[PDB]
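Some notes on the structure that comes next.
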Amino acid sequence: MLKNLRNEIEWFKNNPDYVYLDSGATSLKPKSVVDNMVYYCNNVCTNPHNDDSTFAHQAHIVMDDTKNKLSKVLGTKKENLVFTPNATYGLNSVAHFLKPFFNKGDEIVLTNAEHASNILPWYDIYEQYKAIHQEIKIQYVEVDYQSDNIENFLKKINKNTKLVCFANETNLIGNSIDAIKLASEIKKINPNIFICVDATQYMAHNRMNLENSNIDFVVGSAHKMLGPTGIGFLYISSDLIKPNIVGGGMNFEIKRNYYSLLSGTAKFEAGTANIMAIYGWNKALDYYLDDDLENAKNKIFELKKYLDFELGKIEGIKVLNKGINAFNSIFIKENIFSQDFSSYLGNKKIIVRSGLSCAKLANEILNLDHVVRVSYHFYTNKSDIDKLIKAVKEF
Amino acid sequence: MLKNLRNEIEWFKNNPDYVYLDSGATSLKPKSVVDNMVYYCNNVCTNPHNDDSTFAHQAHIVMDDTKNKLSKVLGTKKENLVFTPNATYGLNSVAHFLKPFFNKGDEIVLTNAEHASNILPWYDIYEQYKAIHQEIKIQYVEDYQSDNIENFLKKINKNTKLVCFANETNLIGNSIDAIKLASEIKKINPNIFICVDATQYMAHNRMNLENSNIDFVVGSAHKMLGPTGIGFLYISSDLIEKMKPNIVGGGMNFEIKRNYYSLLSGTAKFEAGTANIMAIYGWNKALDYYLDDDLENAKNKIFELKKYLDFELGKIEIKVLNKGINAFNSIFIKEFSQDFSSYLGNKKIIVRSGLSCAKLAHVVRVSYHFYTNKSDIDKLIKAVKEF
């Protein structure tokens, strides 16, 4: 239950003089997560490449329940999900999967509010292709943070476009885009365009329906979904299911100068899987199958308004994502760099983040190379926000 | 420290009727490992991309300590070791590091007892250059008991670019000396890359890579008394700035402009995405066991029980196929091995069947670690006798 999340996160009990507002970098972890990871290391501790004993089969069921729960959350099937190390690692696999399908003159429409992991994996195909004397070009959507950013997207898609890589919820600015709506419009311009979404922020707060979505790839991580570090997901449309990583747990038959891929989604999951993280995410995907998801998203939306309004009455404070229903608040203090103001908040025991937060192209939206990001999750309460306002006022 | 391993691993308490002889796929975790990861989750829980507070810099300190400890278990320094998600991801990185350095008729010298993560990353290069009509060559070294030094050098000519072998194999357990083979390969041709799969070697041994002639050393932590989801990649200090990362994103970035990105320098350019600090925390405590002065003694103890099992198992009606060599693993057959491992599993003996990802030329696998007893060997002997 998301309502008693604060009462289940033991972080708040051991560090009760601290205020956590860097939830958009990593999330605090409930007790059920840490305990299920302990149960693996001390009660199971087996490889998922073993099925002889029923002891070894225990881990296999937890993997499928985690994949079934993610299937319910992303609105798809467990036969479409691949366990990736992070989202940066799933986005690099998509780049290395769609690299050979590019031609000269094909375009990649990105955005100025994208993470460095929805930007740099596609620069690499760009510089690689220029060297092989083909030439792809990259188109950058200029974001209005107060818009749906649909026409600002469709104005950059032509008949040469091959990949539309965007993010459902951005990390720094916090604006949200409809993936299904934008995908349908891109598929009415050309139904042969690939669409990859970076839902590492979106899936930390919401759920999706990726069945019949015209989205070919969706990525995300677990350390932002109230889960552990070292595991993420990768959704591949039923048609597209070539493995980027090659090794164990991927082959059907290995001979000399020849090998076969396994049948299913196991061909992309190469090597031993992070079962400890699979155990922790099994207990974290139960908070995302709650009915108070929207009511705990609107509690955060209400706390965003309250901080933004109150910071707007504090002298020398301009909130740059004011007016949108988001899960972060980027603001600047006049004549003070965000690095120094975040250190002031840090000595006041308020953990925030400074800078563009790996969205190093968003200086064209804010006209600033630095911001203070006050990130929220479902466990954020009014007391947390109140103490931030107090510290800002005591500057 | 490694003799009180059985008393600090709480797997033996919670599951006391079961024995664990699949320590070659994953190792049982000491309680110091598990507790430090509970500390991060319940007391720190910060991203390492943040350095704006005291709680945020605490993770940086632990990450550096885990690297320093790894540098003492391996030789070389922190600035030569990178943090991979596992050993399969570091071997695939090495493949993409050296992919543009091969030419026509350049050979990759592998063995026949390699892992799938030490075979398939190099098959893709073989079939990449094959399509662009610059076909490279793959040489497969054939024997359990041999040191295999001479069987290697017979295949190393001067038209070879890479020798990728395993310090210690998964199924057999034969141990080639990396530092010996490396010097003799560089004697023939000094322009060869040496990539060693030390995933199972660094799980039972310690190493010294400073002033070695090997260019890459990979390995994971789940069989190193540590957690899953973290490993390491050794890049020699002569080619850190020459190799380019396969995974690009955050934490490897100096500046992004439109159609331009600059790389951070050192090991950070290969360290992309967020970090598995939870596993970094657990590996800090795991490496404290591999800095003990009794590594060589515990290995000899395991060799005693291997001799003991190879002696007893084999007087029944059963063929130990790796008998004689001193290893942390024993493979044997019943004249089906999958059905026999399920039999052993119903007698609560956890083993593994098949070729264990070394699909070159089925068997039952008895893998040991520093926590194997003698009772564990005896319970397997008696359960085998009741077939």
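Residues are named by chain letter and number: chains run A, B, ... in the order of the structure tokens, numbers start at 1 in each chain, and ligands are numbered from 1 in the order shown.
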
7 Å contacts from chain A to chain B using only C-alpha atoms, as a short mmCIF file (atom, residue, chain, number, x, y, z; two decimals) with N, CA, C and O atoms, in the first residue's frame:
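In the end it all went to iface.cif:
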data_model
loop_
_atom_site.label_atom_id
_atom_site.label_comp_id
_atom_site.auth_asym_id
_atom_site.auth_seq_id
_atom_site.Cartn_x
_atom_site.Cartn_y
_atom_site.Cartn_z
N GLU A 10 12.67 2.20 5.93
CA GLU A 10 13.46 2.33 7.14
C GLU A 10 14.49 3.45 7.05
O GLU A 10 15.11 3.78 8.06
N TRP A 11 14.67 4.04 5.86
CA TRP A 11 15.51 5.23 5.72
C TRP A 11 15.02 6.37 6.60
O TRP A 11 15.83 7.05 7.25
N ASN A 14 16.04 5.71 10.34
CA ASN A 14 17.46 5.80 10.68
C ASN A 14 18.04 7.19 10.43
O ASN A 14 18.98 7.59 11.13
N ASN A 15 17.50 7.92 9.45
CA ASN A 15 17.92 9.30 9.16
C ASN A 15 16.70 10.21 9.24
O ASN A 15 16.22 10.71 8.21
N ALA A 25 16.85 10.75 -8.86
CA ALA A 25 18.13 10.10 -9.13
C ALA A 25 18.13 8.64 -8.69
O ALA A 25 18.50 7.76 -9.47
N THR A 26 17.74 8.38 -7.44
CA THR A 26 17.45 7.03 -6.97
C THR A 26 16.36 7.14 -5.91
O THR A 26 16.22 8.17 -5.25
N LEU A 28 14.16 5.86 -2.47
CA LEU A 28 14.25 5.16 -1.20
C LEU A 28 13.56 3.81 -1.30
O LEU A 28 12.60 3.63 -2.07
N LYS A 29 14.04 2.85 -0.53
CA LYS A 29 13.60 1.48 -0.72
C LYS A 29 12.80 0.98 0.47
O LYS A 29 13.24 1.14 1.62
N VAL A 34 14.22 -4.80 0.59
CA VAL A 34 15.48 -5.19 1.22
C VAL A 34 15.39 -6.58 1.83
O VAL A 34 16.39 -7.31 1.89
N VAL A 38 17.49 -10.07 0.96
CA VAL A 38 18.13 -10.83 2.02
C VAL A 38 17.73 -12.30 1.95
O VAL A 38 18.55 -13.20 2.15
N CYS A 41 19.94 -14.11 -0.58
CA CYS A 41 21.33 -14.31 -0.22
C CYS A 41 21.50 -15.30 0.93
O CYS A 41 22.56 -15.91 1.07
N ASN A 42 20.47 -15.46 1.77
CA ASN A 42 20.58 -16.29 2.96
C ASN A 42 19.68 -17.52 2.96
O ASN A 42 19.89 -18.42 3.78
N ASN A 43 18.68 -17.58 2.07
CA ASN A 43 17.76 -18.71 2.03
C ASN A 43 17.67 -19.39 0.67
O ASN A 43 17.22 -20.54 0.62
N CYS A 45 19.97 -18.30 -2.71
CA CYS A 45 21.32 -18.22 -3.26
C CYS A 45 21.58 -19.30 -4.31
O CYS A 45 22.39 -20.21 -4.08
N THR A 46 20.91 -19.20 -5.45
CA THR A 46 21.07 -20.17 -6.52
C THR A 46 21.14 -19.44 -7.85
O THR A 46 20.72 -18.29 -7.98
N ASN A 47 21.70 -20.12 -8.85
CA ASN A 47 21.79 -19.56 -10.18
C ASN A 47 20.49 -19.79 -10.95
O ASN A 47 19.85 -20.83 -10.78
N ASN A 50 20.09 -23.03 -13.41
CA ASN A 50 19.93 -24.35 -12.82
C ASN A 50 18.45 -24.61 -12.61
O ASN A 50 17.74 -23.77 -12.07
N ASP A 52 17.61 -28.29 -12.02
CA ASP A 52 17.56 -29.69 -11.60
C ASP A 52 16.76 -29.85 -10.31
O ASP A 52 15.76 -30.57 -10.26
N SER A 53 17.20 -29.17 -9.25
CA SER A 53 16.49 -29.22 -7.98
C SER A 53 15.27 -28.29 -8.01
O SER A 53 15.19 -27.36 -8.81
N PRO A 85 20.47 -4.46 -17.36
CA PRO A 85 21.15 -3.95 -16.16
C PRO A 85 20.60 -2.61 -15.71
O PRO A 85 20.26 -2.44 -14.54
N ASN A 86 20.52 -1.65 -16.62
CA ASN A 86 19.92 -0.35 -16.33
C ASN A 86 18.97 -0.02 -17.48
O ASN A 86 18.55 -0.89 -18.25
N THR A 88 20.14 2.83 -19.31
CA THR A 88 21.24 3.19 -20.20
C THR A 88 21.74 1.98 -20.98
O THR A 88 22.20 2.12 -22.12
N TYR A 89 21.63 0.79 -20.40
CA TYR A 89 22.07 -0.44 -21.04
C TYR A 89 21.03 -1.01 -21.99
O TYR A 89 21.39 -1.77 -22.90
N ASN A 92 21.24 1.42 -25.16
CA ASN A 92 22.39 1.10 -26.00
C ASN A 92 22.16 -0.18 -26.79
O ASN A 92 22.73 -0.34 -27.88
N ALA A 116 21.13 12.02 -20.98
CA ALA A 116 22.34 11.70 -21.73
C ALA A 116 22.34 10.26 -22.24
O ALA A 116 23.23 9.90 -23.02
N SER A 117 21.38 9.45 -21.82
CA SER A 117 21.23 8.08 -22.28
C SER A 117 20.18 7.94 -23.38
O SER A 117 20.11 6.88 -24.02
N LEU A 120 23.21 10.19 -26.34
CA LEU A 120 24.53 9.71 -26.73
C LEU A 120 24.52 8.34 -27.41
O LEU A 120 25.35 8.11 -28.30
N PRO A 121 23.66 7.39 -27.04
CA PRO A 121 23.59 6.14 -27.81
C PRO A 121 23.20 6.34 -29.26
O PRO A 121 23.50 5.48 -30.09
N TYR A 123 23.95 9.44 -30.94
CA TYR A 123 25.10 10.10 -31.55
C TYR A 123 26.08 9.09 -32.12
O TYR A 123 26.71 9.35 -33.15
N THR A 229 19.05 -1.45 -7.22
CA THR A 229 19.97 -1.03 -8.26
C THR A 229 20.52 -2.24 -8.99
O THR A 229 20.71 -3.31 -8.42
N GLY A 230 20.79 -2.06 -10.28
CA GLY A 230 21.35 -3.11 -11.10
C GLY A 230 20.37 -3.91 -11.92
O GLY A 230 20.74 -4.99 -12.40
N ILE A 245 24.24 -8.27 -26.57
CA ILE A 245 25.18 -8.93 -25.68
C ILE A 245 25.07 -10.43 -25.91
O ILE A 245 23.96 -10.98 -25.95
N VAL A 246 26.22 -11.09 -26.06
CA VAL A 246 26.29 -12.51 -26.38
C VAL A 246 27.07 -13.23 -25.29
O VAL A 246 28.16 -12.79 -24.90
N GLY A 247 26.51 -14.34 -24.80
CA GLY A 247 27.14 -15.11 -23.74
C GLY A 247 26.25 -16.20 -23.19
O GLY A 247 25.57 -16.90 -23.95
N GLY A 248 26.25 -16.37 -21.87
CA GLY A 248 25.45 -17.41 -21.26
C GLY A 248 23.97 -17.07 -21.22
O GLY A 248 23.56 -15.91 -21.29
N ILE A 254 25.86 -24.06 -29.62
CA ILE A 254 27.15 -23.46 -29.94
C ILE A 254 28.04 -24.53 -30.56
O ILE A 254 28.27 -25.58 -29.95
N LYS A 255 28.51 -24.26 -31.77
CA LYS A 255 29.54 -25.09 -32.40
C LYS A 255 30.74 -24.24 -32.75
O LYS A 255 30.97 -23.20 -32.12
N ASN A 257 32.53 -21.70 -35.26
CA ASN A 257 32.20 -20.72 -36.29
C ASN A 257 30.71 -20.72 -36.61
O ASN A 257 30.29 -20.48 -37.74
N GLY A 271 23.98 -13.78 -20.02
CA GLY A 271 24.72 -13.96 -18.78
C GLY A 271 23.81 -14.33 -17.62
O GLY A 271 22.61 -14.55 -17.76
N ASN A 274 20.66 -10.73 -12.45
CA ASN A 274 20.69 -10.22 -11.09
C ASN A 274 19.47 -10.71 -10.32
O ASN A 274 18.46 -10.00 -10.23
N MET A 276 19.07 -11.33 -7.11
CA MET A 276 18.85 -10.53 -5.91
C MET A 276 17.99 -9.31 -6.22
O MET A 276 17.08 -8.97 -5.46
N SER A 342 22.77 24.11 -3.22
CA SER A 342 22.52 22.72 -2.86
C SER A 342 23.44 22.27 -1.73
O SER A 342 23.06 21.39 -0.94
N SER A 343 24.65 22.83 -1.64
CA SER A 343 25.52 22.56 -0.50
C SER A 343 25.00 23.21 0.77
O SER A 343 25.17 22.66 1.86
N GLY A 346 22.39 20.98 1.74
CA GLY A 346 22.99 19.75 2.23
C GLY A 346 23.46 19.85 3.66
O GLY A 346 23.29 18.91 4.45
N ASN A 347 24.06 20.99 4.03
CA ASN A 347 24.42 21.21 5.42
C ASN A 347 23.20 21.45 6.30
O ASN A 347 23.28 21.25 7.52
N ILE A 351 18.76 16.80 1.00
CA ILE A 351 19.49 16.19 -0.11
C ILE A 351 18.76 16.55 -1.40
O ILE A 351 17.69 16.00 -1.70
N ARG A 353 19.66 18.02 -5.75
CA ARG A 353 20.65 17.89 -6.80
C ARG A 353 20.78 19.21 -7.55
O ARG A 353 19.82 19.96 -7.69
N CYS A 358 22.22 15.50 -15.92
CA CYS A 358 22.52 14.66 -17.08
C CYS A 358 21.65 14.97 -18.30
O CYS A 358 21.71 14.25 -19.30
N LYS A 360 22.08 17.55 -20.31
CA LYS A 360 23.04 18.58 -20.69
C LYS A 360 22.70 19.29 -21.99
O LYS A 360 23.53 20.06 -22.49
N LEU A 361 21.51 19.06 -22.55
CA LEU A 361 21.01 19.84 -23.67
C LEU A 361 19.84 20.73 -23.28
O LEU A 361 19.35 21.49 -24.12
#

What's around range 376-386 of chain A at 10 Å? Count only C-alpha atoms, leave out sequence neighbours fewer than 3 positions away in its own chain, and write the answer as a compact mmCIF listing (two decimals) with C-alpha atoms, in the first residue's frame.
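Saved to around-v2.txt:
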# COMPACT_ATOMS: atom_id res chain seq x y z
CA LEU A 2 1.41 3.36 -1.10
CA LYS A 3 -0.26 5.25 1.76
CA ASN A 4 1.98 3.73 4.46
CA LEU A 5 5.14 3.94 2.33
CA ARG A 6 6.83 6.32 4.78
CA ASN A 7 6.16 3.77 7.54
CA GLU A 8 7.80 0.99 5.48
CA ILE A 9 10.95 2.85 4.34
CA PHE A 12 13.14 7.69 7.42
CA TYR A 18 17.26 14.40 6.76
CA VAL A 19 14.93 15.53 3.97
CA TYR A 20 15.24 13.51 0.76
CA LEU A 21 14.41 15.49 -2.40
CA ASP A 22 16.72 13.67 -4.81
CA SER A 23 14.15 10.96 -5.57
CA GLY A 24 14.58 11.50 -9.34
CA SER A 27 14.45 6.08 -4.86
CA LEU A 28 14.25 5.16 -1.20
CA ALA A 204 8.63 5.58 -11.35
CA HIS A 205 5.21 7.26 -10.86
CA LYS A 224 13.58 4.77 -9.46
CA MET A 225 10.52 2.47 -9.10
CA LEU A 226 11.07 1.97 -5.33
CA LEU A 293 -1.44 5.39 -7.65
CA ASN A 295 -4.32 9.61 -5.59
CA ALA A 296 -0.64 9.49 -4.56
CA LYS A 297 0.36 11.18 -7.82
CA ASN A 298 -2.14 13.97 -7.12
CA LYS A 299 -0.82 14.32 -3.57
CA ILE A 300 2.54 15.09 -5.18
CA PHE A 301 0.94 17.42 -7.75
CA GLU A 302 -0.66 19.30 -4.85
CA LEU A 303 2.69 19.56 -3.05
CA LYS A 304 4.32 20.87 -6.24
CA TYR A 306 2.36 24.51 -2.72
CA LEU A 307 6.16 24.70 -3.00
CA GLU A 310 5.60 29.54 -1.64
CA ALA A 326 5.07 17.18 -12.51
CA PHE A 327 7.15 15.33 -9.90
CA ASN A 328 10.11 17.74 -9.63
CA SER A 329 10.68 21.46 -9.10
CA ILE A 350 18.23 18.52 2.64
CA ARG A 373 16.07 19.87 -8.65
CA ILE A 389 10.90 26.39 2.28
CA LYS A 390 12.26 27.21 5.74
CA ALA A 391 15.88 26.61 4.71

Find the residues near residue 209 in chain A: any atom within 12 Å, counting only C-alpha atoms, skip ones fewer than 4 places away on the same chain, and give them as a PDB file with N, CA and C atoms, in the first residue's frame.
ATOM      1  N   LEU A  70       5.502  -6.750 -13.870  1.00  0.00           N
ATOM      2  CA  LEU A  70       5.882  -5.715 -14.825  1.00  0.00           C
ATOM      3  C   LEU A  70       4.974  -5.735 -16.047  1.00  0.00           C
ATOM      4  N   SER A  71       4.526  -6.925 -16.456  1.00  0.00           N
ATOM      5  CA  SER A  71       3.590  -7.014 -17.571  1.00  0.00           C
ATOM      6  C   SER A  71       2.273  -6.325 -17.234  1.00  0.00           C
ATOM      7  N   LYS A  72       1.799  -6.481 -15.995  1.00  0.00           N
ATOM      8  CA  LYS A  72       0.573  -5.807 -15.580  1.00  0.00           C
ATOM      9  C   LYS A  72       0.762  -4.300 -15.484  1.00  0.00           C
ATOM     10  N   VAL A  73       1.975  -3.853 -15.167  1.00  0.00           N
ATOM     11  CA  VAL A  73       2.225  -2.435 -14.932  1.00  0.00           C
ATOM     12  C   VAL A  73       2.432  -1.692 -16.248  1.00  0.00           C
ATOM     13  N   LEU A  74       3.261  -2.241 -17.137  1.00  0.00           N
ATOM     14  CA  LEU A  74       3.473  -1.654 -18.454  1.00  0.00           C
ATOM     15  C   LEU A  74       2.355  -1.975 -19.438  1.00  0.00           C
ATOM     16  N   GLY A  75       1.369  -2.774 -19.039  1.00  0.00           N
ATOM     17  CA  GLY A  75       0.257  -3.091 -19.911  1.00  0.00           C
ATOM     18  C   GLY A  75       0.666  -3.870 -21.142  1.00  0.00           C
ATOM     19  N   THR A  76       1.311  -5.017 -20.934  1.00  0.00           N
ATOM     20  CA  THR A  76       1.753  -5.858 -22.037  1.00  0.00           C
ATOM     21  C   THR A  76       1.842  -7.312 -21.584  1.00  0.00           C
ATOM     22  N   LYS A  77       2.811  -8.059 -22.113  1.00  0.00           N
ATOM     23  CA  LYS A  77       2.999  -9.455 -21.755  1.00  0.00           C
ATOM     24  C   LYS A  77       4.417  -9.674 -21.251  1.00  0.00           C
ATOM     25  N   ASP A 178       2.370  12.145 -24.005  1.00  0.00           N
ATOM     26  CA  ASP A 178       1.671  10.910 -24.328  1.00  0.00           C
ATOM     27  C   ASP A 178       2.483  10.105 -25.333  1.00  0.00           C
ATOM     28  N   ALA A 179       2.797   8.860 -24.972  1.00  0.00           N
ATOM     29  CA  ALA A 179       3.536   7.990 -25.878  1.00  0.00           C
ATOM     30  C   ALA A 179       2.627   7.370 -26.928  1.00  0.00           C
ATOM     31  N   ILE A 180       1.476   6.841 -26.510  1.00  0.00           N
ATOM     32  CA  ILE A 180       0.570   6.184 -27.448  1.00  0.00           C
ATOM     33  C   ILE A 180       0.018   7.182 -28.457  1.00  0.00           C
ATOM     34  N   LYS A 181      -0.409   8.355 -27.987  1.00  0.00           N
ATOM     35  CA  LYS A 181      -0.935   9.375 -28.891  1.00  0.00           C
ATOM     36  C   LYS A 181       0.109   9.793 -29.918  1.00  0.00           C
ATOM     37  N   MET A 203       7.760   5.630 -15.412  1.00  0.00           N
ATOM     38  CA  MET A 203       7.384   4.390 -14.748  1.00  0.00           C
ATOM     39  C   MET A 203       7.782   4.358 -13.279  1.00  0.00           C
ATOM     40  N   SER A 213       0.455  -0.450 -29.140  1.00  0.00           N
ATOM     41  CA  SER A 213       0.845   0.911 -28.809  1.00  0.00           C
ATOM     42  C   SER A 213       1.590   1.639 -29.918  1.00  0.00           C
ATOM     43  N   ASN A 214       2.030   0.941 -30.967  1.00  0.00           N
ATOM     44  CA  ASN A 214       2.908   1.471 -32.009  1.00  0.00           C
ATOM     45  C   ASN A 214       4.251   1.940 -31.463  1.00  0.00           C
ATOM     46  N   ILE A 215       4.566   1.594 -30.218  1.00  0.00           N
ATOM     47  CA  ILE A 215       5.885   1.810 -29.638  1.00  0.00           C
ATOM     48  C   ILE A 215       6.648   0.498 -29.711  1.00  0.00           C
ATOM     49  N   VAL A 218      10.388   0.373 -25.107  1.00  0.00           N
ATOM     50  CA  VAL A 218      10.258   1.183 -23.902  1.00  0.00           C
ATOM     51  C   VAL A 218      11.302   0.698 -22.909  1.00  0.00           C
ATOM     52  N   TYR A 235      11.134  -3.417 -23.260  1.00  0.00           N
ATOM     53  CA  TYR A 235       9.966  -3.952 -23.944  1.00  0.00           C
ATOM     54  C   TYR A 235      10.213  -3.934 -25.447  1.00  0.00           C
TER      55      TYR A 235
END

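A straight line drawn from CA of residue 202 in chain A to CA of residue 168 in chain A is 5.7 Å long.
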
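Shortest atom-to-atom contact with residue 262 in chain B among A:35, A:124, A:62, A:231: A:124, counting only C-alpha atoms.
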
Find the spatial neighbours of range 319-321 of chain B, counting only C-alpha atoms, within a cut-off of 6 Å - ignore same-chain residues fewer than 5 positions away - and output them as a PyMOL selection string. chain B and resi 314+331-333

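Counting only C-alpha atoms and comparing A:175, A:113, A:270, A:392, the residue that lies closest to residue 147 in chain A is A:175.
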
Would you list, as an NGL selection string, the residues of range 80-256 of chain B that end up in alpha helix (DSSP H) under DSSP run on this structure's backbone? :B and (87-98 or 120-131 or 149-153 or 178-188)

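Omitting range 307-313 of chain B and its sequence neighbours fewer than 3 positions away, and counting only C-alpha atoms, the residues within 10 Å are residues 301, 302, 303, 304, 316, 317, 318, 319, 320, 321, 322, 323, 324, 325, 326, 327, 330, 331, 332, 366, 374, 377, 378, 380, 381, 382, 384 and 385 of chain B.
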
Restricting the output to C-alpha atoms, write the selected residues as a compact mmCIF listing (two decimals), in the first residue's frame.
# COMPACT_ATOMS: atom_id res chain seq x y z
CA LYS B 301 42.09 -28.20 1.56
CA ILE B 302 39.60 -28.20 -1.32
CA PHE B 303 42.10 -30.23 -3.35
CA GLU B 304 42.11 -32.79 -0.52
CA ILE B 316 31.07 -47.28 -7.46
CA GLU B 317 29.18 -48.35 -10.58
CA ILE B 318 30.70 -43.76 -12.39
CA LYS B 319 33.58 -42.00 -14.18
CA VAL B 320 35.33 -38.94 -12.78
CA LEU B 321 36.50 -37.33 -16.03
CA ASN B 322 38.66 -34.57 -14.48
CA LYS B 323 40.28 -36.80 -11.86
CA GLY B 324 43.92 -36.13 -11.06
CA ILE B 325 44.03 -32.40 -11.67
CA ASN B 326 43.82 -30.14 -8.60
CA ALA B 327 40.63 -28.11 -8.99
CA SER B 330 34.71 -32.41 -10.17
CA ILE B 331 32.74 -33.68 -13.17
CA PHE B 332 31.48 -37.27 -13.34
CA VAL B 366 30.40 -30.91 -8.19
CA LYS B 374 33.93 -33.00 4.12
CA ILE B 377 31.51 -34.66 0.18
CA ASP B 378 30.37 -37.56 2.38
CA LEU B 380 27.18 -36.85 -1.88
CA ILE B 381 29.12 -40.13 -1.71
CA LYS B 382 26.38 -41.86 0.30
CA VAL B 384 25.39 -41.70 -4.95
CA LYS B 385 25.82 -45.12 -3.33

Which of range 5-197 of chain A counts as strand (DSSP E or B) under DSSP, as a ChimeraX atom specification please? /A:19-20,81-84,107-111,137-141,161-166,169,176,194-197

Please list as a PyMOL selection string every residue within 10 Å of residue 290 in chain B, counting only C-alpha atoms and excluding residues in the same chain fewer than 3 positions away. chain B and resi 1-2+69-70+72-74+202-206+224-225+285-287+293-295

Any idea what's packed within 8 Å of range 137-144 of chain A, counting only C-alpha atoms, ignoring anything in its chain fewer than 5 positions away? Could you give it as an MDAnalysis selection string? (chainID A and resid 105:113 126 149 152:153 156 365) or (chainID B and resid 259)
